[PDB]
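Number of protein chains: 4
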Amino acid sequence: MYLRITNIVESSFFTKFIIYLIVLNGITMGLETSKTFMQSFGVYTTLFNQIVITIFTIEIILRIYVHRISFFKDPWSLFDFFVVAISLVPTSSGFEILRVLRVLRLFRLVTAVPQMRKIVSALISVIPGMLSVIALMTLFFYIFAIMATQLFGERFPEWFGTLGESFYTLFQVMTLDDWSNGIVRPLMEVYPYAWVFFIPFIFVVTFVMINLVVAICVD
Amino acid sequence: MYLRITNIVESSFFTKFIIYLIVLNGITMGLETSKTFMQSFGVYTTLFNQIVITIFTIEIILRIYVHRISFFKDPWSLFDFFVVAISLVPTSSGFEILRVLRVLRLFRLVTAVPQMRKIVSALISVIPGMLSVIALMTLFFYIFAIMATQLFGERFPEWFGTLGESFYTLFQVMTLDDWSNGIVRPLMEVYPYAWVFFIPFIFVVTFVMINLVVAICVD
Amino acid sequence: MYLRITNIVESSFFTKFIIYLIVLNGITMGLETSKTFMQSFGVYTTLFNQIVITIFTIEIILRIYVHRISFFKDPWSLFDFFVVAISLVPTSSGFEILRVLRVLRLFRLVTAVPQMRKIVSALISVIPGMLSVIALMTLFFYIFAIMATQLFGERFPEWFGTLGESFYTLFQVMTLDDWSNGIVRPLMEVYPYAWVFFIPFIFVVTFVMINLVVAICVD
Amino acid sequence: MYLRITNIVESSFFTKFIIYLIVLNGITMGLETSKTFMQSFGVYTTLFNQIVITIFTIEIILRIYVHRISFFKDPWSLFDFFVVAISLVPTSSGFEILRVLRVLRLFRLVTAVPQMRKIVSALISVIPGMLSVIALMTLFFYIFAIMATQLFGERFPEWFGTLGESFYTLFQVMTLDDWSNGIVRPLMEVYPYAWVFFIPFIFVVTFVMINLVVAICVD
Ligand SMILES: [Ca+2]
Ligand SMILES: [Ca+2]
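Chains as they are written, first to last, in the working numbering: chain H, 6 to 224; chain V, 6 to 224; chain D, 6 to 224; chain U, 6 to 224.
Structure follows, in structure tokens:
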């Protein structure tokens, strides 16, 4: 029976049928957003919803008999498994995020289309050539986050009171978002020289980030 | 008479007479902005306006009897057609944006001049080699916009209350506009972990957006 | 006496004497900033100022004998004339900006030192290849600035009340400064659809500005 | 004994032992952040800290005999000296930044891993090409900061008023952070024309900053 189902699975119709469900399920989830619609046709939806999840487990079952180990060595295949997996966990217990993480299956539209796969892969492929710099910054954030936590966290515990909080605030300064009136101008009402910590922080981080951009505009 | 007018239409005079009118009506529209100027000379500029609107229809009419099918296959011409059409809809009824969309005619200075046309066309032509990315992002915004609506909509309806709202807020974070003090920090007073949703959303959206830019400098 | 002075002006010493004065007057103008310093050594620095302005007029006078009509055809040369001239206008009457515009002479340190000159020129040379785009946008701003004034200026005169105000506000959106909480979210409390004007406004203007930068990396 | 130690120091084990310390002292510093952790293991960590500081001075001493003059002509080595030196100052009176600057030793993880060194060096190497621009800008900032102080600092001393305050505010405008609502809109309530000073300032400073980025993407 193997070669029977291998022909079914590898069949263009099969793929296109899967893709069709995604674009239907995608549209369905955006409708699940309307509190009105759910009162009207929620039943219709949750069942259509459960159907797809059944169908998707079947597909993932089929997809593995026809690839075995070649499957679990495929990023795209793995993705799909782990996504449908999520959607499998019952509609209760644990963390209310699971019910919500279900919408991640809409990313299957990416996986089930090569043109998308192509673009994502083009994108991802740039990452390893960034890890040298990324690592550098992460070391950097970590060093300053620590300095900040012990320089400002006592008078300013919202922003710097904790290693995590300093990390967040330092990130915010890096995105340059409301950084002066929002953070440093205040900080300075107590610590006049805080500009000595943040202007340099800003130069370094902005400089590095520009280098990172030109680095990707060469490869 | 065909060749008589085909020789009038193609005439440098005719074309430069059009450009001359555009720059006048352009100037006249910035004057119509002034409450003071409209008092005293309202009728001047209202007549002068209706005058030009005729002249432009006459032209667009003449322009067709010379080009027929060729004219309804010229981007720049179709434009000119539709932009005059809008300017034709009676100063009443329906929507009042039509009185305001009439200012779109000043975009004719772009069509009716090659130097401008060159640059516009240059710009536009970059778009198709972005749609792969643009598609990806729209799918992404749609996914996260759904998650946000069903994670923050209840306590924060102004910002995430509706699928559209989340789209708006998500756009806003993407432009990095006032995103932390103002959206995420407030959010965190209730949802300590909201940072888990927004830092990743930001990395992705900004990474992708950098790629899209380096894409446009490899062409 | 011509050849005598053509050896005074063209000399190394002359030039390096001029440069020495600039860096001295420059330092002197940062000290004129302190109200303290002025209550002590203010007389010193006002004379020192008039002194330098004398010395500078002598030089520019000299410079013209040695160069005649060739001088008024050098960008850098014309500049120094204009800048020194501004510095000549009596410490009274008309506008006080003239007293303030005097500090523009410190731009002579650029005019009168190569490499600066080189770099400035490097930069300016990039401009003409932007004029097509620049022009394009200025038409675009103008069109929307008009549109906004008549869509939003009645309920929101601070921001869109005058054509000029719209230009300012529209500029501000383009710099993406506080555009959503500061301007559009408010606007929407009255004009729910205002998002239809600003998101498109923002795509266009951002897109364009990206191209203009990609252009400057082609040239 | 020279060649004995030159075989100890130059040894892989020596280096990898140093790296192993950094990553441990690094971890230990992120824990010294916790107020809880200090109340339980504070003594453990302060001793461990004093220890590592010795180990690093022993190393730095060893490192010097094996290299002599070649060491004080190595950037990376000098660094390690100064960084360790800072950590050497007696945890006591004087400034308190010295206790905080101690966390700078984690930058040794950069100095003592060739993969970091490379990337850092790759970055630093870009700086010389920028000094022509960097100089230009500093001159520019200096000129406008002075103008601003004498134009706006009487009514707006928080922001201007001091040559330094202007510098800061001008920096802020350049990062474009809250520049319109936060600064220029207010200024205009008193000085209607302040826009004539800040819009050009913004064009120029952002122009320059674009050219600088393009110059780095070509070298
Ligand atoms: Ca802001
Ligand atoms: Ca901002």
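For each residue, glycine too, the CB sits at the ideal point set by N, CA and C.
Among the options, nearest to residue i - alpha-carbon criterion
i      : options                       : result
V:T116 : V:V88, V:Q44, V:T50           : V:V88
V:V178 : D:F172, D:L175, D:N186        : D:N186
U:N30  : U:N54, U:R9, U:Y7             : U:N54
U:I102 : H:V210, H:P95, H:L156, H:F100 : H:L156
D:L128 : U:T11, U:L128, U:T211, U:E37  : U:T211
U:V209 : D:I132, D:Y7, D:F208, D:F146  : D:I132
H:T96  : H:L52, H:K21, H:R9, H:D79     : H:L52
V:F100 : D:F76, D:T11, D:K40, D:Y198   : D:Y198
D:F146 : D:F42, D:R104, D:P205, D:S98  : D:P205
H:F22  : H:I207, H:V57, H:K123, H:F77  : H:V57
V:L144 : H:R73, H:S17, H:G35           : H:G35
V:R73  : V:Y7, V:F18, V:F46            : V:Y7
Residues near residue i in its chain [Cβ-Cβ closer than 8 Å; skip 5 each side]
i      : result
H:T62  : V89, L93
H:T20  : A117
V:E163 : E170
V:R104 : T96
H:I24  : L114, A117, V118
U:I10  : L67, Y70, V71
V:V48  : none
Within 7 Å, strictly: CB atoms of residue i and residue j
i      : j      : result
U:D224 : D:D183 : no
H:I151 : U:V118 : no
V:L181 : H:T180 : yes
D:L217 : D:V138 : yes
U:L106 : U:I91  : yes
H:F203 : H:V189 : yes
Residues near residue i by beta carbon distance below 6 Å, same chain, minus five either side
i      : result
U:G166 : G158
U:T50  : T33, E37
V:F46  : none
Anticipated Cβ contact below 8 Å, residue i with residue j, distance rounded
i      : j      : result
V:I221 : D:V201 : The pair is not a contact, with the Cβ atoms about 26 Å apart (cut-off 8 Å).
H:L114 : H:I32  : Incorrect: roughly 11 Å between the Cβ atoms, too far for contact.
D:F149 : D:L168 : No, D:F149 and D:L168 are not in contact; Cβ-Cβ is about 11 Å, not under 8 Å.
U:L141 : D:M121 : 6 Å
V:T154 : V:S130 : In fact, because the Cβ distance is near 36 Å, the residues do not count as touching under 8 Å.
Nonlocal neighbours in the same chain, by C-beta distance under 7 Å from residue i, ignoring five residues either side
i      : result
U:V14  : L67, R68, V71
U:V195 : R160
H:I65  : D85, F86, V89
D:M43  : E37
H:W81  : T116, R122
D:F77  : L83
U:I60  : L26
### Length at least 4, wholly inside the region 14 to 42 of chain H: the alpha helix (DSSP H) runs in chain order
Taking only runs of at least 4 residues, the alpha helix (DSSP H) segments lying wholly in the region 14 to 42 of chain H are 17 to 36.
Enumerated in chain order, which unbroken segments of the beta strand (DSSP E) with a length of 3 residues or greater are wholly contained in the region 118 to 191 of chain H? none
Taking the runs of the alpha helix (DSSP H) that are 4 residues or longer, which of them lie wholly in the region 54 to 116 of chain V?
-> 80 to 91, 103 to 106, 113 to 116
(request) Output the residue ranges of the alpha helix (DSSP H) runs that lie fully inside the region 188 to 219 of chain H and measure 4 residues or longer, sorted by chain position. (result) Within the region 188 to 219 of chain H, the complete alpha helix (DSSP H) runs of at least 4 residues are 190 to 195.
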